[PDB]
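Take a look at the structure set out below.
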Amino acid sequence: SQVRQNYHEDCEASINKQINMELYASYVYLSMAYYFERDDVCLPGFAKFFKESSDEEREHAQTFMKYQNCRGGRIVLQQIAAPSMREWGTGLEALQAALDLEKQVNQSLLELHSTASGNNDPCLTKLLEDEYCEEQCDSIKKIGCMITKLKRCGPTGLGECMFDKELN
Amino acid sequence: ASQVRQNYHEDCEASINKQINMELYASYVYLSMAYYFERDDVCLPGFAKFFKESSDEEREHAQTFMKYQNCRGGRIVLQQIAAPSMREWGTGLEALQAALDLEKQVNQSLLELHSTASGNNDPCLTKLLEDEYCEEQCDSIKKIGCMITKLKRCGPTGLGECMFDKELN
Amino acid sequence: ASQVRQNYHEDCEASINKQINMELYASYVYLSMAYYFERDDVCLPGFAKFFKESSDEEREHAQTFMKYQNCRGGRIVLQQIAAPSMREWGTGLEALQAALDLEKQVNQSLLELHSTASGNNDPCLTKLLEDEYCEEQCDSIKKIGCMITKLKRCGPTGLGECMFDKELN
Amino acid sequence: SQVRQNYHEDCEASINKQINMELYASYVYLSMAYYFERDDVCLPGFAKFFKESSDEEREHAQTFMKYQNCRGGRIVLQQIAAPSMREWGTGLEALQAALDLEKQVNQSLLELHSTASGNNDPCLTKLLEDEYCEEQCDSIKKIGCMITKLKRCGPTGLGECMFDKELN
Amino acid sequence: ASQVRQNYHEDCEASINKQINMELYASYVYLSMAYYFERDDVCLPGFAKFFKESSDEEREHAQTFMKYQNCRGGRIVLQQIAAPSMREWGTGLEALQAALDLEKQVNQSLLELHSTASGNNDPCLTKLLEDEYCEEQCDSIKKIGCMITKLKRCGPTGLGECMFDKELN
Ligand SMILES: [Fe+3]
Ligand SMILES: [Fe+3]
Ligand SMILES: [Fe+3]
Ligand SMILES: [Fe+3]
Ligand SMILES: [Fe+3]
Ligand SMILES: [Fe+3]
Ligand SMILES: [Fe+3]
Ligand SMILES: [Fe+3]
């Protein structure tokens, strides 16, 4: 490829798995979002929050797809796994699953940060610092704080309603 | 002496410096509380905002006594600012109680500053205390006392703590 | 530990807390310089404003590390803020060379933290550390260096100190 | 009380009597105001002036009530005496009674200023200087000047009419 | 007496009248300084404007005490305004040190009035006196002190006097 320069083969394949990981995480958040719009659940604040996180994750994937093209590597998209669950239980259990999801996505980010370093691609490591750090710490903290807040407000009943309203 | 020094006693100057350190101390305390309420296991952003503002407020009060020192020709002597002895503030209610006690300590020290300036017939010092550390310091004490009262009523824990923090924000 | 914690070494936590203390101390020193230049026998409002803004900036840097400590689910442990090395900062030039030293000292501590953060596989700490030490410390250490050169040229005392203080303001 | 600090018991009770004194003075001015709206009197300038002074005094009372609460003392409101008169006579006699009223309210203010001083409440004395002085001297002078002016303009007849119009 | 009079000692009345005279004299002196610096062999318009505004301010202070005298139903008794101590005020620095002296002198008389007002149980006189002596006399005596320090630093004559006069303007 005419633009390819100092782009290791294994950085190329790791970028493709991060793309799949973000598309998957976007799919989970989509599952959670419409689970909370069910008639027997009906937590619209939760639903909006997970709709947006699913748009966010789909945007992160496209960011890694654009970086792939811009390095002259070639995107390899695979199947996107079905979400592990269909019914996410309570609002609290959804958030705990989402925190796990976010940590799973960001562990995978670190694994790609070491592959970028152990191949001397200074500018893929530059980009990953602007994902895995730049805003990852703000996002992991945000779900952590939501969990702390929901456990305080009382994780069921009226405390779950009040938490929903201040999400929305 | 000084150019701009006119009816300014020595132990007024040393009490002013003691007051500067006290305000800087209280500012540090509030800074401790502000970022405690931003820990991921706490997450009381309304509490955090209130104490961050009280921290800035206390710092500006320290600077008011610093300008007045310079202005009567005294000399600012700045000392070490001790860290709060206890930085696990616990609940929102425990922090408000510690804060109320802090406010009264600062105001006790000011009140003793007011007697020393009385036994020196430095009416300017007594006036500075009156124009700056009384109209709103009786308000700062009352607003905390009133937050305590509200937090107690709403229930000091759980859902009522949440709704208190919301109405604070 | 804390549930948001992920890849955060214990020695990084302690070094962030040391850096919070350095920035607060930095801020205290600049507070001293600011009100010393507001003394009725000094009256350099340019220097005074400069150090008072540097003192605010330093306090802001300290909160940046406090926020970050909370990010990674570490524990802010605040320490006593030492009294500044002196009270009389001498000429405007002496105050500036002391400030340059103080800046290099704070930046030195960032470097030790930077190595510690690199030898612990913490990409995001070194990213944060790298920005503060490099991005704008080649702003602030350069600008104080130029002020020192400019004040030596304009003449470090007398009329030249006056004109420097005006062009600062 | 959790906020109470350096607030002597006798400053607390004196604040309550000043509250009653201001509510009383507000009641007198209300009497004077509607006396001057009587069909056989009909001095609308006088009436407006006394309506406003009755609002003013009711506001001063509330100021002392807020200060009581803010020091953590407790408000004790008593009966409010009927005004000493029903018919205030001429405009001039109303003003002379009002000057007496104002001096009676401000003497009571001084008595509370000495109690605040002889108990070392620097910040109750601070507040009373912002009532008994801040504007008391301006207000006592204003009624004094009105009396001087009405005696000049001729205190009865057309001079009373002219004075009314420049009040209004 | 007068029918608005209430709690107003006879010796307070006489001391207010003395203070009216001091402020008018103060104002006259500053009038001298202003037009001396407008002489064709002096031509310092900065100093000239400064003293001409101080002369207006002093005249305003005098009317403040006149108004107050009327408040308490005392009698304004005006006295002859003495000629200023000289006509040639010398250097800008000498004029400023004379102004500092003049300000301290007027402020001295306020203090004697303050004690007289306190030893006569006149809370409102000392309140008024306290404000003028303290509130802005730590404005005006400090600002002249800083001008004196600044003019000594910039060099009290020659080019430095020029630059000071420009930064005044
Ligand atoms: Fe993500
Ligand atoms: Fe304070
Ligand atoms: Fe306060
Ligand atoms: Fe810094
Ligand atoms: Fe800096
Ligand atoms: Fe009244
Ligand atoms: Fe004056
Ligand atoms: Fe003056």
Side-chain angles (χ1 to χ4, degrees), chain B residues 19-30 53-65 99 102-111 113 129 132-141 144, chain C residues 19 22-23 25-27 29-30 50-51 53-62 64 99-100 102-107 109-110 132-144, chain E residues 19-30 53-65 99 102-110 113 129 131-133 135-137 139-141 144:
Chain B
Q19 199 61 25
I20 293 170
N21 193 263
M22 185 77 289
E23 309 290 354
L24 288 173
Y25 176 68
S27 170
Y28 207 17
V29 172
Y30 285 132
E53 299 174 336
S54 288
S55 187
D56 299 335
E57 196 162 326
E58 291 305 322
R59 183 156 171 280
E60 310 290 299
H61 295 196
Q63 287 177 247
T64 301
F65 289 110
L102 178 61
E103 292 284 82
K104 303 213 282 197
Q105 170 171 13
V106 166
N107 277 268
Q108 201 51 249
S109 147
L110 268 154
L111 179 76
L113 176 62
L129 311 179
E132 313 299 30
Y133 298 89
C134 205
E135 203 195 311
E136 213 262 320
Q137 252 43 75
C138 156
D139 281 15
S140 200
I141 295 158
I144 297 185
Chain C
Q19 195 70 20
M22 300 279 285
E23 307 291 356
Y25 166 76
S27 164
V29 175
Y30 280 130
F50 180 83
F51 292 131
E53 283 170 356
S54 306
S55 157
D56 289 336
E57 291 185 289
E58 293 309 313
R59 191 186 174 207
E60 282 300 320
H61 284 304
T64 296
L100 181 61
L102 175 68
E103 292 288 336
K104 282 170 173 183
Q105 195 210 337
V106 171
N107 270 52
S109 157
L110 272 171
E132 312 262 295
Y133 179 80
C134 280
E135 270 250 62
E136 269 165 295
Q137 288 301 299
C138 181
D139 145 77
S140 187
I141 283 161
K142 189 213 170 230
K143 291 306 105 214
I144 295 166
Chain E
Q19 195 70 20
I20 294 148
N21 191 87
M22 300 279 285
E23 307 291 356
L24 296 166
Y25 166 76
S27 164
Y28 202 18
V29 175
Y30 280 130
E53 283 170 356
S54 306
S55 157
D56 289 336
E57 291 185 289
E58 293 309 313
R59 191 186 174 207
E60 282 300 320
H61 284 304
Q63 289 171 77
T64 296
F65 289 113
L102 175 68
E103 292 288 336
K104 282 170 173 183
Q105 195 210 337
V106 171
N107 270 52
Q108 190 44 53
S109 157
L110 272 171
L113 178 46
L129 292 197
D131 298 357
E132 312 262 295
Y133 179 80
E135 270 250 62
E136 269 165 295
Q137 288 301 299
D139 145 77
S140 187
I141 283 161
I144 295 166

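Counting starts at 1 for both ligands and their atoms, in listed order. Per chain, numbering begins at 1; letters A, B, ... match sequence-line order.
The closest side-chain heavy-atom distance from B/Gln105 to B/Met22 is below 4.5 Å. Between B/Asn21 and B/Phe65 the shortest side-chain heavy-atom distance does not fall below 4.5 Å.
Around the Fe ion (ligand 7), the protein atoms of type N, O or S that sit closer than 2.8 Å are E/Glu23 OE1, E/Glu58 OE1.
Every residue two or more places apart in sequence or in another chain was checked for a ring-ring contact (aromatic ring centres under 6.0 Å, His included) with C/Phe50, and none qualifies. The side chain to side chain contact (heavy atoms under 4.5 Å, CB included) test applied to B/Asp139 returns B/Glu136, D/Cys70, not counting sequence neighbours. With sequence neighbours excluded, the residues satisfying side chain to side chain contact (heavy atoms under 4.5 Å, CB included) with B/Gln108 are B/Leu111, B/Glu112, D/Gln5.
With 3.5 Å as the limit, one finds no donor-acceptor pair spanning the side chains of B/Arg59 and B/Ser54.
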